[PDB]
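> only geometry, no sequence info:
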RNA sequence: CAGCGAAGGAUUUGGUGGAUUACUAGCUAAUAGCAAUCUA
């Protein structure tokens, strides 16, 4: 290309190294704490000693920082220069920095981590070189003067380009701009990589997960009326949904339930992928809040299923697994909940599966059929499966009790299912 | 009776509530210091 | 301002390839 | 344009079987030629009649649909009796039968053998060096189940046992739309779009005559001994050539022309004639 | 027939036909040898100009071609022609009437295979001359040993071995002693593509159901399997610039880029080539290059470049989707009507049965470009119908 | 570790320094001919430094199934196969041939109907020439074209008897004081109903009528009814075969419109209800298989002058049944105003209310509405004005969301004055004032 | 205001790619080697 941009490239390459006094002070004056004319007279040992004090108090409030004392906040670290050593030890350096940054992603409400990280900024120059992990680790606190400060001193990466009119503006960046930051899969694959590192370090927490989930449902909201964009956007959100369920935290599990429920009501998925999602959210379900939320999200997932085969049998290994994680009386009291969420298609598939893969305890199906109301094709398919069951195994008092209940309400349904299969005289013969 | 059972099949569907691009902007007002289960209940009540 | 999705002049760098000539032999 | 999608006469010219479309569903109607109201409907819009032929002898149509089925359809019992499947879900392009044995030709260029007395698939073969293929005709020499004549865009000839091309012909610049044998040695070809039928010898391959219509051909009937060929033009007129194989020594013109105009100054376009 | 006024010259405006092309390197250049019906053509890959053509046609149509450094090995009805700079330098008549199907070049031993699982391998008279000129031996795979052949190649770092890929089995050879060495396991469906990997001694092989097996021939096992629903696979390749990327090409006109380090679809490409003309006939990475050369059966050759990543820290996880780069095409159906544009006999116009209009240039064959159907807007207020 | 041993390469020797490219993999300056397996290992390391060895080969050797199915498939929507219903907010229209194009019309298109089973469209306008087309997706022609002088027709429709289905009577009416019936028999015999038996002082016009079946309910003489409008509050129900005044019903306030809702009673019995509105917008819902006396009455939530009421979902005028057992209870009601606000009501809970709240009260088209009709299956609502161009909207329901993708501004609707559906085909037909009727179809049906 | 009028119309502008001369492949120490290397 041309000469001007051809060496603007090498200027951006060697922006980290100070070449004289003017660029040295224009590089040293970046700070998370002090302003320019104060920060231009600090030395390294001063900010190092107050940062080490900040670190040791931060390490007694969180016991996983003495390793960074031993290897990154040591006394030789003030002499360790970054851009004087080879690519392999700079790779060691910035993955250690990334470890520290995701570890200290939580603590940004309290000033010890500000004074702990400001020496890291001033010495290892993460505000120019290691900028990405810094931004998308502290992205949760976007209404805070720490984020306004760090965005005022940052050099802005090519991904976060929507924020470049929020540098040195007193207005914090707004939620709409955060959505427009999140609204391309070049950013989203990056952010899912970061969340994968947070999962496999268990550095997840209730505020980062809340913010992440809220921006993801807002991204799906903006891509509601773009079918090609939504189908383009599936295999990353569902990917970290499945990676989010693999962890142990109740909060990330119910965040996975949140993105799953909003995505299922966003677009109609297929039966095989929604069944894999159902068994996946069941296969790592431990805490009671996760039980409650997973039951709600399973019911809504199955409610947003259309086309034929919607109310069919869930198979045996997902059915017994659902019964292993959820006993029948939990289903009964959830149906006894007074809010009455619409769960008719899931309860229809549950009735057909308990009548086909257990065929033993029909007090359950009679009780919950009394407890909810249910629509006509659902009860037609239930009583068809009941006709087949009543002819394969011999009739019982429970079976004929629910049968005469379906006599007592809406006779011509079971009459027309007998017209499809036999005759009411033959059914009274099998009575 | 096949179109009759098809017509009953399409009759047996209630009013869902769709999503649209300005339905979830209100969550950002109370993303602060809120337990995620209450967030899940909030997004489900704004959803249905 | 959107993210600058921007192309560039592309250039074919140096090849570096195994060749099959050293894969045969002969009885001596 | 004609609201009849396609039509075909029974042999000896007494009945017409015609496929029309009626509220995005094709239906097949039969009609005698001196009311009948047994419209066989089709199921859905993704299922339309590509080609059809009478049989002769419980009276029946066979209808090649556009998915890989041949609906052998009786006319008396107003339903499809038998459903000749193929292995592929490919739309067929022509059917032709002789006695028991029946040939079908796919869009994936395969040739299919069927037998309407025993309802099996006998054999199944694609061949090289002929790709766009849309209609065939079995060449009769009594019981010549071998040597059928395949045609699109350059007419080929196929023995069914050596299974190679035995003789190619100068086709047309368009795909072939009519391919009718007329004697034991001559056959009419005619493409779509063009006014120019041509009789080819089936042994030497030399064009004997070129029949010149005055508009685009749509269909044609011929007498049993090829002494008279009536074609129906695209603009609804009719051109009947008398004695086409006797010699205007190379390109025979239209001998007689028939149109059906009303007394109101309105021409109604005829189509699908039949001459015995 | 021969003539006495007009002599035929060249069939212009024609790029590919559907035969899998080949590629060759010269220094740090790349040339693409594609087939057009009977003659072939040699493009370069940097600016995608034409460079060479065969100086005279073949008897039959070319069924298979490959390319070493300077030389192009064409293969038609019974022979293999060793060519240099588009000029035929040596015929090689095979010792049969059987039609040749595939071939490979490695070291000294050329190896071609007919349509009855018979493999003529040839050898250079002097281990210093330029091309294999002398018949060495004739292997023959029998139906006990596997199915009927579908490819063959010598994957790397193998001392005078070879890999024949059948429809049911993989089977090696030691081509010096003419010996089979290792038949592989059984494979339960028809495989149709096999391309080697730039990692040590494994070969990726894709089936008629959409799975890619990765056979490790030294181990004799399979390492991984990429499953894909009901895709008639056609052409695999690997990317060799360090960052490992597999690339499958499905005959439904699809091009799927798989990562292999984390088994993820990087990006799909839909309807890149037309479905009905064969789909992706052959697609390959240029080695040491982050570009893709695809060619369909629909008279089109394309190049797709992978951009550098936008995540300067993350890097290999965030991969930018492939751009579109240079491409050369003609219309894919026989041309209906033909005119000459200028008096200088430089430009000519075609309009084809696939309803496209092209301005071919018979002077220099990178100037030919399609005319564009973008309506001038009605500046009186009307709307385009 | 190798599953095979070549047993030939170990007895080979190669002088590696014969050429340039094979002389760098020496290790001393005195070694010339090396053994075969050593040679294999040397060039194998040369290959591994000429392309590095990545991790995915030495990874492995082939709560998970979500990742597995997600890495399997591409199209993440089930709607390719069955779909059984509509997709909301984006429908699959296509265009067909303009249904007036064979034999055009001259006046507006004030009425447009379909034969209930046969593939026939009827067109009727103020130029007093009721035409009938045979319609199809390619080229659709005129079967017959009755003209009748001195009677500019306003509304006209097909009718078949429920009992023996072989009647096929057109009914047509305009601003005059006579209407016409027609038994269609492929030269026509038409009768002119003008005998008003009971009430003769309430019709300045016949220009609004419906046709509806009813049962006898002591016998089963299922037969037709013409329902004509009057002037004060009068709507008169006649006979369709004979022409006898069956009875009449007056509501309080000026009639604006009315509709007919059937409901089954047993296997072979059914009951008809007439729904009528004011301009004020309090409706009367009275059965008329017994004598016409009000069995329900309630009030629309709003409207100053409401213009058009249409019931749908089950069977109705536009989607009629053929066998008597094939008749179905409706689901949706719709009421439309001069302000444009169309309320749509469910009728599975709102037989109990006596003041029902709307399911939705939509407003997208601004001006007054003129025609609104449901689908034959009750998933599309179709609303249209007679005031401005492109004044038609389509509403997916039960979700009650307007379709966004259609109609755009570039659709050639014209100033719409009538609209109708197919009974089965999902083939929609719109008519304007400048003469042409255009034809679309819905690809889900 | 009108009409034109297939699930939008009409404009501003960046970047890349292809042309703007007539298409015989790259490098070097060049009757050859290289393309993994010109070194002993």
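Yep, that arrived. Numbering: from 1, shown residues only, chains lettered A, B, ... in the order given.

> what's stretch E:351-360 in contact with?
Applying Cβ atoms under 8 Å, 6 or more residues apart in numbering or on different chains, the contact partners of stretch E:351-360 are E:12-13, E:330-338, E:341, E:347-350, E:368-371. Just so you know, the C-beta spots here come from the backbone N, C-alpha and C atoms, and that holds for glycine as well.

> again, 7 Å this time
With Cβ atoms under 7 Å, 6 or more residues apart in numbering or on different chains as the test, stretch E:351-360 has contacts from E:12-13, E:330-337, E:341, E:347-350, E:368-371.

> Same check on stretch F:271-283?
Applying Cβ under 7 Å, 6+ apart, the external contacts of stretch F:271-283 come out as F:212-214, F:227, F:235, F:249, F:251, F:253-263, F:265, F:284-289, F:297-300, F:303, F:305-306, F:309, F:311, F:335.

> What subset of those residues is buried?
With burial judged by 16 or more other Cβ atoms under 10 Å in any protein chain shown, the buried subset of the contacts of stretch F:271-283 is F:212-214, F:227, F:235, F:249, F:251, F:253, F:255-263, F:284-289, F:300, F:303, F:306, F:309, F:311, F:335.

> Filter these down to the ones in strands?
Using DSSP state E, the subset of the buried ones among the contacts of stretch F:271-283 located in strands is F:227, F:235, F:249, F:258-263, F:284-287, F:306, F:309, F:311, F:335.

> which one is residue F:409 nearest to, not counting chain neighbours?
Nearest residue to residue F:409 in three dimensions, chain neighbours excluded: residue F:390, at 6.4 Å (Cβ to Cβ, 6 or more residues apart in numbering or on different chains).

> Surely the one you found is in contact with residue F:410?
No. Using Cβ atoms under 7 Å, residue F:390 is not in contact with residue F:410, being 9.1 Å away.

> more crowded one of those two?
Ranked by neighbour count (other Cβ atoms under 10 Å in any protein chain shown), residue F:390 and residue F:410 place residue F:390 first, with 18 against 10.

> That one and RNA strand G, how far apart?
As judged by Cβ to the nearest atom of the strand, to the nearest Å, residue F:390 and RNA strand G stand 5 Å apart.

> three-state assignment of that residue?
Classification of residue F:390 using DSSP: H, G, I helix; E, B strand; the rest coil returns coil.

> can you tell me which residues contact it?
F:407, F:409, F:411, F:413.

> farthest-separated two in those residues?
The span of the contacts of residue F:390, defined through Cβ to Cβ, is set by F:409 and F:413 at 9.8 Å.

> So the two - more neighbours on which side?
Taking neighbours as other Cβ under 10 Å, residue F:409 and residue F:413 compare with residue F:413 leading, 19 against 8.

> shouldn't the more buried one be in contact with residue F:419?
No. Proximity of residue F:413 to residue F:419 does not meet the contact threshold set by Cβ under 7 Å, at 9.7 Å.

> what touches both of these two?
F:392, F:430.

> distance of the residue most central in space within chain C from chain E?
The centre of chain C sits closest to residue C:15, judged by Cα atoms, centre = their mean, with a distance of 4.2 Å. Applying Cβ to the nearest Cβ, to the nearest Å, one obtains 5 Å for the distance of residue C:15 from chain E.

> What residues does that residue make contact with?
By Cβ under 7 Å, 6+ apart, residue C:15 lies in contact with E:25, E:28, E:287-288.

> Show me what from chain D comes close to chain F.
D:1, D:3, D:21-24 (Cβ under 7 Å from any Cβ of the partner chain).

> can you do 10 Å?
Applying Cβ under 10 Å from any Cβ of the partner chain, we find that chain D lies next to chain F at D:1-3, D:5, D:20-27, D:35, D:39, D:44-45.

> now, which of those residues lie within strands?
Counted as lying in strands by DSSP E, out of these, are D:5, D:20-21, D:26-27.

> Any idea how many residues pack against residue 366?
Reading this off chain A. By the criterion of other Cβ under 10 Å, residue A:366 has 17 neighbours.

> should've been chain F
Residue F:366: 11 neighbours (other Cβ under 10 Å).

> Then the one 4 residues further on?
Residue F:370 is flanked by 19 other residues according to other Cβ under 10 Å.

> In a helix, it, correct?
No. When classified by three-state DSSP, residue F:370 is found to be strand rather than part of a helix.

> for the residue found closest to it once you drop the neighbours it is linked to in the chain, what are its contacts?
In space, and not counting its chain neighbours, residue F:370 is closest to residue F:386: 4.2 Å by Cβ to Cβ, 6+ apart. Shown in contact with residue F:386 (Cβ atoms under 10 Å, 6 or more residues apart in numbering or on different chains): F:108, F:110, F:367-371, F:415-418, F:432-433.

> Taking the contacts of residue C:15 together, which two end up most distant?
Across these, the longest distance by Cβ to Cβ is 11.3 Å; it joins E:28 and E:287.

> May I see the buried residues of stretch A:396-414?
By 16+ other Cβ under 10 Å, the buried positions in stretch A:396-414 come out as A:399, A:402-403, A:406, A:413-414.

> Return the distance of whichever residue of the stretch 151-300 of chain E sits closest to chain D relative to residue D:90.
Nearest residue of the stretch 151-300 of chain E to chain D (Cβ to the nearest Cβ) works out as residue E:276 at 9.7 Å. Separation of residue E:276 from residue D:90 (Cβ to Cβ, to the nearest Å): 12 Å.

> Counting neighbours, what do you get for residue 283?
Looking at chain A here, since you left the chain open. Around residue A:283 there are 16 residues (other Cβ under 10 Å).

> wrong chain, I was asking about chain F
Residues lying near residue F:283 (other Cβ under 10 Å) number 22.

> where does the stretch 51-200 of chain D come near chain E, residue by residue?
For the stretch 51-200 of chain D, the contact set with chain E under Cβ under 10 Å from any Cβ comprises D:107, D:129, D:153, D:173-174.

> Mind listing what's buried along the longest helix along chain B?
The longest helix of chain B (DSSP state H) is helix B:36-47. By neighbour count on 16+ other Cβ under 10 Å, the buried set for helix B:36-47 is B:36-37, B:39-40, B:43-44, B:47.

> picking up where we left off before, strands - which of the contacts of stretch E:351-360 land there?
The strands, defined by DSSP E, take in E:335-337, E:347-350, E:369-370 from these.

> Among these, find me the one that's closest to residue D:218.
So of the ones in strands among the contacts of stretch E:351-360, ranked by how close each gets to residue D:218 (Cβ to Cβ), first place is residue E:336, at 22.0 Å.

> That closest one against residue D:193, yeah?
No. Shown here, residue E:336 and residue D:193 do not form a contact pair, counting by Cβ atoms under 10 Å, at 11.4 Å.

> joint contacts of the two?
The contact sets of residue E:336 and residue D:193 overlap at residue D:173 (Cβ under 10 Å, 6+ apart).

> so who does the residue in chain D that chain C sits nearest to touch?
Of all residues in chain D, residue D:128 sits closest to chain C, at 33.5 Å by Cβ to the nearest Cβ. Residue D:128 is in contact with D:109, D:163-165, counting by Cβ under 10 Å, 6+ apart.

> Give me the phi and psi angles of it.
Here the main-chain torsion angles of residue D:128 (degrees, to the nearest 10) amount to phi -80, psi 170.

> So which residues of the stretch 201-350 of chain E form helices?
In the stretch 201-350 of chain E, no helices are defined using DSSP state H, counting those that start in this stretch.

> Which residues of it lie near RNA strand G?
Residues of the stretch 201-350 of chain E lying close to RNA strand G by Cβ under 7 Å from any atom of the strand are E:323, E:325-326, E:346.

> quick check, nearest of the residues you listed to chain A?
Nearest to chain A among these, with distances taken as Cβ to the nearest Cβ, is residue E:323, at 13.5 Å.

> Residue of chain C closest to chain D, please.
Closest residue of chain C to chain D, Cβ to the nearest Cβ: residue C:20 (33.5 Å).

> Name the nearest residue to residue F:45, ignoring sequence neighbours.
In space, residue F:45 is closest to residue F:25, 8.0 Å off (Cβ to Cβ, 6+ apart).
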